[PDB]
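Working through the structure, step by step
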Amino acid sequence: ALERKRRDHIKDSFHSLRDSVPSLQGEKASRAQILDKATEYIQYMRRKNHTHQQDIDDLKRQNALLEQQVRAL
Amino acid sequence: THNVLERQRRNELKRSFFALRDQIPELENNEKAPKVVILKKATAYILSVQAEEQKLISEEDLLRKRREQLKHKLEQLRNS
């Protein structure tokens, strides 16, 4: 006996993956849809985190300038 | 009839697994990563980018509050 345990891990891992993808919330999606929606979500989040990190770098540069204006007075 | 359509879903699912695997840095083109590893590592990676998004929004919020504090201090000094 080794095959039914392995496909039961697949099934549980599909459910966990599905539950982590916000667009799949409350949807009994197919296996293909779970995979495709998770792929798309990863690409969406990577871009969104990159944009946030760039905004943070901008704010650090603005704040460093402001603090220099403050210290100059 | 259902046998040819069955293999077509199996082929599309296999391509779906590879496309997901190609998105995970730890698994990127790891040719032999089994299905349950791709699922588990994709879940872990997804949770990491959600945690990262929360961290950056928090960092960004603090920096914006610091910016407004600094602008207020600058204006106070210029008017004192």
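Look up a bit, the structure's there.
So, here's what we can say about the structure. (Residues numbered from 1 in each chain as written, not as in the entry; some residues may be left out. Chains lettered and ligands numbered in written order. Heavy atoms only, no water.)

**Some thoughts on the overall build of chain A**
- The number of helices and strands found in chain A is 2 helices and 0 strands.
- Here the C-alpha atoms of chain A give a radius of gyration of 22 Å, more than 25% beyond the 11 Å that 2.2 N^0.38 yields for 73 residues.
- A principal-axis box enclosing the C-alpha atoms of chain A has dimensions of 75 × 25 × 15 Å.
- Per-residue burial for chain A yields a buried fraction of 33% across its 73 residues.
- Summed over all atoms, the accessible surface of chain A reaches about 5100 Å², with 50% contributed by carbon and sulfur.
- In chain A, 15 side chains carry a positive charge and 11 a negative one; their mean positions are 6 Å apart. (Helix = DSSP H or I, 4+ residues; strand = E, 2+ residues; numbered from the N terminus. Rg over C-alpha atoms; globule rule 2.2 N^0.38 Å. Buried < 20%, exposed > 50% of the residue type's maximum accessible area, 1.4 Å probe, protein only. Areas by Shrake-Rupley, 256 points an atom, 1.4 Å probe, with all protein chains shown as cover. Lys, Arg positive; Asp, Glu negative; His and termini not counted. Charge placed at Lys NZ, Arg CZ, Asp CG, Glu CD.)

**Things to note about helix 1 (residues 3–20) of chain A**
- Over its 18 residues, helix 1 of chain A runs 26 Å from end to end, which matches the ideal 26 Å to within 8%, given 1.5 Å per residue.
- Among the residues of helix 1 of chain A, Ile 10, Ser 13, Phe 14, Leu 17, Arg 18 and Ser 20 of chain A are the ones counted as buried. End-on, the buried residues of helix 1 of chain A take up no more than an arc of 155°, which puts them together on one face. Every exposed residue of helix 1 of chain A that faces more than 90 degrees away from the buried side is listed here: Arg 4 and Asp 19 of chain A.
- In the core, the buried residues of helix 1 of chain A are packed alongside helix 2 (31–71) of chain A together with helix 1 (2–21) and helix 2 (35–78) of chain B. (Expected span 1.5 Å × (residues − 1). Arc of directions from axis to C-beta. Contact = heavy atoms within 4.5 Å.)

**Here's the deal with the nonpolar core**
- Grouped together as the largest cluster of nonpolar side chains are 24 residues, with contacts concentrated most on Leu 17 and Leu 35 of chain A together with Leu 20 of chain B.
- Put simply, the parts of the chain that give this core at least two residues each are helix 1 and helix 2 of chain A together with helix 1 and helix 2 of chain B.
- Setting aside residues no more than four positions away along its own chain, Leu 17 of chain A makes contact with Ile 34, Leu 35 and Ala 38 of chain A together with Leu 20, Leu 39, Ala 42, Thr 43 and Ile 46 of chain B. (Core = buried A, V, L, I, M, F, W, Y, C linked by side-chain atoms within 4.5 Å.)

**As for the interface of chain B and chain A**
- Facing 34 residues of chain B, the contacting portion of chain A comprises 36 residues.
- Viewed at the interface, chain A and chain B are joined by 1 salt bridge.
- For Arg 66 of chain B, the salt bridge is made with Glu 67 of chain A, and the minimal N-O distance between the two is 3.0 Å.
- Every element with two or more residues in the side of chain B that touches chain A is listed here: helix 1 and helix 2 of chain B.
- Counting residues per element, the side of chain B that touches chain A draws most heavily on helix 2 of chain B, at 27 residues.
- The residue makeup of the side of chain B that touches chain A, split by class, is 18 nonpolar, 4 polar and 12 charged. (Salt bridge = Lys/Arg side-chain N within 4 Å of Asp/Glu carboxyl O. Nonpolar A, V, L, I, M, F, W, Y, C, P; charged D, E, K, R; others polar.)

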